[PDB]
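Asker: The following block contains the structure, expressed as structure tokens.
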Amino acid sequence: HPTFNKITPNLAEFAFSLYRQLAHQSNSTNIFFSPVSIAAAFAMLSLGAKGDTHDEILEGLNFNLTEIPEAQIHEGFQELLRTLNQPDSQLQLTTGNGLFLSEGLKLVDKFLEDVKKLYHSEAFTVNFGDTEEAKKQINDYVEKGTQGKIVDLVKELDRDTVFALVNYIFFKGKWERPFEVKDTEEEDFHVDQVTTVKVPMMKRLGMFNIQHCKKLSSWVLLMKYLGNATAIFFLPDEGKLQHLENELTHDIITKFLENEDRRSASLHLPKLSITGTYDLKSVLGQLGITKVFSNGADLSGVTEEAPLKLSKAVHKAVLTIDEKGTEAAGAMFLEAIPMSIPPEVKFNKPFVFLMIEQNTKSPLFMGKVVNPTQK
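In the deposited numbering, each number is its position in the sequence shown, counted from 1, plus 19.
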């Protein structure tokens, strides 16, 4: 049952979609979005809205309902809900289709025995007359759930809001063959020639799967996590955005993410903890999930009474990786860390990255560190 197959390509190709719809509306905001809280909570709603509805939901979510059957796509995720959700080992995490309804409805207990069975989607009741104990329940649940990483996100609320959303997350990562928190010294990573920095870097000399392809033309780094996830790094040439950002494919990565070779040049690295909150109502329109949060439709194909609409969806993907580990260095690699081959990996210039999945090929977080004043 390679269930993930039907969704793994037709979703990774979705990553580049919303990446350049930020790297389209900006040259200022730091990117840390989860091609998961989006492509999921807006396809996991191929249950709680039917007809011409999820012909915007999982119609937009790359999958082509003529190429691949809907009802034969709902486990592709419960193997991204049980392959990448089953009580972890190292990776852990805490994303969650929190969900947020109004006290006043009736919904479908069976639609609920669809989204909850498979996507687990946690459902409950909450009056929106008084718009604070919905907060004393939402960003409370991105605190009650996120183990405290999206401890805000919600600042305002309306006195109606029924079919709202939640996808909190308490990531996890480290290195099996680690880093030295003691090579770590804050050094010059530089953004613009206006934002020339003095970033809190790190250091080491592994035998890194680092290439410098003509394809995308940059620094293609690879790192090994602690629980079957294979981080990726990248690092632009000299005026780079596009070519990569633009001519980047699934395949571009398939064959970087594939191999397992050697090297030995000097790794530089500014610190990771760049959080990044993104609301779906704001970009999913120009994208295409129009009438889904519209003034009215068949969102009452999850209830029937009081003509439901979509309140909103959000994702403050929190980063939880940087240098921790165990196999250490000890001594041999305590010099063998600033042991460049001739070059370096001076992460002194604004790059991108991503997180693939050894139990799939899932992009947990795509990005492009702009400048750590925003992290």
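For every residue, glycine included, the Cβ atom is placed at its ideal position computed from N, Cα and C.
Beta-carbon separation of residue 177 and residue 150 under 9 angstroms?
Answerer: Yes, Cβ-Cβ distance for residue 177 and residue 150 is below 9 angstroms.
Asker: Please return the same chain residues whose Cβ sits closer than 6 angstroms to the Cβ of residue 319, not counting the five positions on each side in sequence.
Answerer: The answer, listed in chain order, is 326 and 327.
Asker: If I measure Cβ to Cβ from residue 84 and keep anything under 8 angstroms in the same chain, skipping five residues before and after, which residues do I get?
Answerer: Counting only Cβ-Cβ distances below 8 angstroms, and skipping sequence neighbours, we find 74, 77 and 78.
Asker: Any contact between the region 25-33 and the region 51-58? By contact I mean 3 or more CB pairs, one from each, below 8 angstroms.
Answerer: Yes, the region 25-33 is in contact with the region 51-58.
Asker: Among the candidates 181, 358, 88 and 276, whose CA atom is the shortest distance from the CA of residue 123?
Answerer: That would be 181, whose Cα lies nearest to the Cα of residue 123.
Asker: Express the C-alpha separation of residue 316 and residue 376 in angstroms, rounding to a whole number.
Answerer: Going from the Cα of residue 376 to the Cα of residue 316 covers about 37 angstroms.
Asker: Following the continuous beta strand (DSSP E) through residue 52, name the residue where it begins and the one where it ends.
Answerer: Counting along the chain, the beta strand (DSSP E) containing residue 52 begins and ends at 50-52.
Asker: So what does DSSP say about residue 74, is it helix, strand or coil?
Answerer: DSSP places residue 74 in coil when its eight states are reduced to three.
Asker: Quick check on the DSSP output: the alpha helix (DSSP H) that includes residue 137 runs from which residue to which?
Answerer: Run containing residue 137: 131-137, per the alpha helix (DSSP H) assignment.
Asker: Taking contact to mean 3 or more Cβ pairs, one atom from each stretch, closer than 8 angstroms, check whether the region 258-277 and the region 123-141 are in contact.
Answerer: No, they do not touch.
Asker: State buried or exposed for residue 202, treating a residue as buried only when at least 16 other CB atoms are found within 10 Å of its CB.
Answerer: Buried, by the Cβ-count rule.
Asker: So, helix, strand or coil for residue 169, using DSSP?
Answerer: The answer is coil: DSSP assigns residue 169 none of H, G, I, E or B.
Asker: Just curious, the beta strand (DSSP E) that residue 306 is in, first and last residue?
Answerer: From DSSP, residue 306 is part of no beta strand (DSSP E) but of the alpha helix (DSSP H) over 303-306.
Asker: Since residue 112 and residue 23 should fall inside the 8 angstroms C-beta cutoff, what is the C-beta to C-beta distance between them, to a whole number of angstroms?
Answerer: That belief does not hold up - the Cβ atoms of residue 112 and residue 23 are roughly 17 angstroms apart, past 8 angstroms.
Asker: Could you give the uninterrupted runs of the beta strand (DSSP E) lying entirely in the region 310-391, keeping only those of 3 residues or more?
Answerer: 385-387, all fully within the region 310-391.
Asker: If I follow the unbroken beta strand (DSSP E) through residue 36, where does it start and stop?
Answerer: Note, residue 36: premise wrong, no beta strand (DSSP E); alpha helix (DSSP H) at 28-38.
Asker: Are the region 283-291 and the region 345-361 in contact at 8 angstroms, needing three or more beta carbon pairs?
Answerer: The region 283-291 is in contact with the region 345-361.
Asker: Tell me the DSSP bridge mates of residue 239?
Answerer: Answer is 230, bridged to residue 239.
Asker: Quick one: measure Cβ to Cβ for residue 7 and residue 363, integer angstroms, because I've assumed they're closer than 8 angstroms.
Answerer: Outside the displayed span of the chain (20 to 394) sits residue 7, for which this structure offers no information.
Asker: Which residues share a DSSP beta bridge with residue 215?
Answerer: DSSP lists 209 as partners of residue 215.
Asker: State the start and end residues of the unbroken beta strand (DSSP E) segment that holds residue 285.
Answerer: Where residue 285 is concerned, the enclosing beta strand (DSSP E) stretches over 285-287.
Asker: Residue 243 and residue 109 look like a contact to me (Cβ under 8 angstroms); what is the Cβ gap, rounded to whole Å?
Answerer: Contact doesn't hold; Cβ gap of about 11 angstroms is too wide.
Asker: Do the region 181-190 and the region 147-161 meet, that is, are 3 or more Cβ pairs less than 8 angstroms apart?
Answerer: As far as the Cβ criterion goes, the region 181-190 touches the region 147-161, which means the pair count is three or higher.
Asker: If you measure between the beta carbons of residue 49 and residue 293, is that distance less than 9 angstroms?
Answerer: Contact flag set, yes.
Asker: Just tell me which of 365, 245 and 331 has its CA closest to the CA of residue 340.
Answerer: If we check each option's Cα against that of residue 340, 245 comes out closest.
Asker: Could you please give the first and the last residue of the uninterrupted alpha helix (DSSP H) stretch that includes residue 188?
Answerer: Per DSSP, residue 188 belongs to no alpha helix (DSSP H) and is neither H nor E.
Asker: Closer than 8 angstroms by C-beta to residue 140: which residues in its own chain qualify, once you throw out the five before and the five after it? Chain order, please.
Answerer: If we look at residue 140 and ignore the five residues flanking it on each side, its Cβ neighbours are 63, 116, 118, 131 and 134.
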